[PDB]
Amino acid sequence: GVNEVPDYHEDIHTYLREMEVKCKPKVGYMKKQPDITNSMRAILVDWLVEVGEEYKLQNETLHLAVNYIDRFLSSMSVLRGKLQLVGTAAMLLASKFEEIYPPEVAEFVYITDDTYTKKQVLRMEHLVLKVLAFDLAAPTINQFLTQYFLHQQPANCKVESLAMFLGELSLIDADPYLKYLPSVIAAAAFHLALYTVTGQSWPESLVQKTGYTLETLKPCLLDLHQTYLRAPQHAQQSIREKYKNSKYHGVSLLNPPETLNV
């Protein structure tokens, strides 16, 4: 039906594929960043996961925010004491873009423990807008995932939630996930989720849509599979906690498969 836009879904997918290469961050920006590390970014993203759940923000908003942060940190050198300010302004912009009811700026100042003033948050908002040149309609893992979900026969809500969960895990760790496009992480996540829940594999129909095969997804798959296995030990846990909730069918509690046979 029209909610799945039959007449435009292909054009849209094609267009997101072009836009993900344009909105792609620099894979090696952390080395050129003197005072910030993959590990600091992981802390920030994990925090933004908590902020999103406290204000009951869409997952799309979280994904956009990370996109904005990574693009910003691709061209702008930032001290560790200001990493959170970037993140807050990113989350504000994503919320205004994506949410029906964005939190007020004061609420963004509040979640930073008054580390930053309202004037700092607003000024950073403008800076991020300048750096990104207002290019905020970025493709996310989720925008690809929801399309991939239309190929399920039949639809499994555990598959969907588990895919979302895995895609979210990938936001945390710039190494290795900065090297993969949203469309590819989404594909890996979808296959891993499907395999874990139903034992099935990346379908022919998504080979037709995407041009991706298990062969082309293998590298990302091998990474996402390790991330899934190691997820209970990771220093950052906010995503696992979030996906314990019934809203998400408790998928963080599912056991990862030991092997992919891939």
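The numbering used is simple: start at 1 and walk along the sequence shown.
Looking at 168 to 176 and 107 to 115 together, the entry lists the larger mean B-factor for 107 to 115, computed on C-alpha atoms. Per the PDB record, of the two stretches 64 to 72 and 223 to 231, 223 to 231 carries the greater mean B-factor over its C-alpha atoms. Ranked within its chain, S77 lands in the middle third, by CA B factor from the PDB record. When all modelled residues of the chain are sorted by CA temperature factor, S252 is found within the middle third. In this PDB entry, the Cα temperature factor of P102 sits in the middle third of its chain's modelled residues. For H126, the recorded CA temperature factor ranks within the middle third of the chain's modelled residues. Placement of the Cα temperature factor of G28 within the chain: highest third of the modelled residues, per the deposited record.
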